[PDB]
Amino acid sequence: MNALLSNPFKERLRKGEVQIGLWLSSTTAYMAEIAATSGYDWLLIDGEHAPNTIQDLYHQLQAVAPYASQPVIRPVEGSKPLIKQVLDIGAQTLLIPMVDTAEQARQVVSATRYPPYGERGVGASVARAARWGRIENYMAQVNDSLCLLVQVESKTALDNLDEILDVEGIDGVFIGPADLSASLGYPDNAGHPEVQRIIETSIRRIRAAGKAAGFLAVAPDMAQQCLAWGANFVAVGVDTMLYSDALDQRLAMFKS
């Protein structure tokens, strides 16, 4: 098998290409494989808001692996041990929630790097990350292949946006509009004009730093708007929402 690491999502991101994504919220490897057959550019395996254990995350990575869609993992928290677990199973692209300060962003980067650069403990050689040693010189290869995306979800995070963007090792900053809306005092109302203005300016600021700007837009009109504003890793739906809507729409043909 190939002895080299590669991260296509990261390569595309670095070129500024637009990558269209889908949230995977069922925890199941069965649905992850089905979703992978659609050919989204990326699939966010949501370990934060769906009840995934580390084994469920593993199984969803195995399920999607032969397909073109690239997986991104979100752990329940960006702590050292939880980042350890997902890196060791070979997740190459992480979305880390609740990054509010540059110091927190530096600590997240440190958790992903072996000495001398970070504090990551060895073990990926006997794990999926190095394919049990088939990836040769993993320590030498690993940093360039890891893609780190952080969520800015608070008033505090936005205050520190430029400092966070200056943190070496951060590749992209993601805004989830419903989290930010709640933090700003507009819970469940991300369409509010005040929230929309903050989103628009923030995207331009992120791109100006030479970093990628990410978003989750469950409404297609909002997705198109964020793309126009310069977002380039954009999730355009949540799979369980698309499922329920599709089930409802089919049923409605026979009850109405």
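Don't overthink the numbering: it's just position in the shown sequence, from 1.
Mean CA temperature factor is higher for 131-139 when stretches 90-98 and 131-139 are set side by side in the entry. In this entry, 9-17 shows the higher mean Cα temperature factor of the pair 242-250 and 9-17. As recorded in the PDB entry, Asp188 shows the highest C-alpha B-factor of the residues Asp56, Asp46, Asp188, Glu33.
By the numbers in the PDB entry, the CA B factor is greatest at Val122 among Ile83, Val150, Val122, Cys147.
Among the modelled residues of its chain, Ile164 has a C-alpha B-factor that falls in the middle third, as given in the PDB entry. In the deposited entry, the Cα temperature factor of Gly39 places it in the middle third of its chain's modelled residues. In the deposited entry, the Cα temperature factor of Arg74 sits in the bottom third of values across the chain's modelled residues.
Looking at the C-alpha B-factors along this chain, the one for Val64 belongs to the lowest third. In the PDB entry, a CA B factor belonging to the middle third of its chain's modelled residues is recorded for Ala105.
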